[PDB]
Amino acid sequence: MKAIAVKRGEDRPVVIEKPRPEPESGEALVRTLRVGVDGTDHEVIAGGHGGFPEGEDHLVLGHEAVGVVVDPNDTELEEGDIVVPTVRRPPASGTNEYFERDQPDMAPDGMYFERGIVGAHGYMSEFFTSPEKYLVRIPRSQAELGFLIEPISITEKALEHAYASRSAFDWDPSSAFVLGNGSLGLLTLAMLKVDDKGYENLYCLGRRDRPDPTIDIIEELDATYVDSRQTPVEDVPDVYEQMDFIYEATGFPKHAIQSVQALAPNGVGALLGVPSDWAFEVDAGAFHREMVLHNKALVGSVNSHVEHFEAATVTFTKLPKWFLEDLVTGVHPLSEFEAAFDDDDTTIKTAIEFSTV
């Protein structure tokens, strides 16, 4: 079968050939439909994040996948079920408490593999296998855009933890600020528009000149575009307002620290970005005083698990159809797979199509 992989030393994704896998007991065989591409995949290709499987020359990419079950084997899945795989799997040493208690998303470094990212091959192959417990059934009609379920689930987890941090008092937020106009940030902005917390004012930070299709999406959602070149995060409360909820999706470390200054009293910032090393001079006193005297919280979040994927299927149905059309700028057949890794300003979310239902 064909797969899309990065090879050690090499700079770009290439096609390789591998044998079709066979499911072991408790696993199903899945025929890949579509696999999404995101910022993390680019960071994996560049060497900034993740790592190869032990004793392998390559890493099959892709962690945002939707497929169809072709052989249920000895599982309770049915032939033709549409499934989305979770990303984390137990490491070489075997299972551990995080997997046994069904919270692998909380496992630390070295206690997991992430398919397509660290220590295990991803889903950009014609077929793959997975254990039934890591395959989430989704409604058949979400098959075409089912690669969005994984990134949606990322935000479902982040919101669960951020909101939990505010659960000891009566918190009623009205403003939300998304940092970053990538596919994760834009998806999250749309999710916040339909969130039960009832946000009245939405804002999204980027650094693009008009005309730009990410700006168009932000404004079409009735949100305000904030240009960080004009208004840095720390200055936002002077120009606009203090933000009850901040979701960071830039991977820029300055935003992790400065977000505290933009938060309203009793607010929380959720941090999702995978940053590079970076040192600078911080007013630590300002950071410290704001956190304490205004009862603020910062919560980091990575990965997601089954319940978050399930929640994502509900959120998906609430998203405007125009938004999903505008977000997904290209779905490319395997024959043109290279196009999916192009990253210019007009490329928002891409995917590679391996097969159709």
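Heads up: residue numbers just count along the shown sequence, starting at 1. Each form is matched to the other, and the largest set of C-alpha atoms that superpose within 1.5 Å is called the rigid core.
Novice: Which of 232 to 240 and 275 to 283 lies farther, on average, from the shown form in 4 other deposited structures of this protein once the rigid core is superposed (C-alpha RMS)?
Specialist: It is 275 to 283 whose C-alphas lie farther from the shown form in 4 other deposited structures of this protein.
Novice: Report the stretch with the higher root mean square CA deviation, pooled over structures and residues in 4 other deposited structures of this protein, choosing between 41 to 49 and 327 to 335 after a rigid core fit.
Specialist: Stretch with the higher C-alpha RMS distance in 4 other deposited structures of this protein: 41 to 49.
Novice: Would 335 to 343 or 7 to 15 have the larger average of its C-alpha temperature factors, as given in the entry?
Specialist: If you average the C-alpha B-factors of 335 to 343 and of 7 to 15, the larger mean comes out for 7 to 15.
Novice: For the C-alpha atoms alone, is the average B factor greater in 89 to 97 or in 108 to 116, going by the entry?
Specialist: Between 108 to 116 and 89 to 97, it is 89 to 97.
Novice: Per the entry's Cα B factor values, which of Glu156, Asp238, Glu219, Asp212 stands out as the maximum?
Specialist: Answer for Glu156, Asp238, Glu219, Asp212: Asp238, with the highest C-alpha B-factor.
Novice: From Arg229, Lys193, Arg137, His161, pick the one with the largest CA B-factor in the entry?
Specialist: Among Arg229, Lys193, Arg137, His161, the PDB entry lists the largest C-alpha B-factor for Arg229.
Novice: For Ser175, return the chain-relative third of its C-alpha B-factor as stated in the PDB record: lowest, middle or highest.
Specialist: Answer is lowest: the recorded C-alpha B-factor places it there.
Novice: Compare the C-alpha B factor of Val282 with those of the other modelled residues in its chain, then answer lowest, middle or highest third.
Specialist: It falls in the top third of the chain.
Novice: Is the Cα B-factor recorded for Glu150 in the lowest, middle or highest third of its chain?
Specialist: Its C-alpha B-factor belongs to the lowest third of this chain's values.
Novice: Considering every modelled residue of the chain and its Cα B-factor in the PDB entry, is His255 in the lowest, middle or highest third?
Specialist: For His255, the deposited C-alpha B-factor lands in the middle third.
Novice: Tell me, lowest, middle or highest third: where does the Cα B factor of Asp81 rank within its chain?
Specialist: Middle third.
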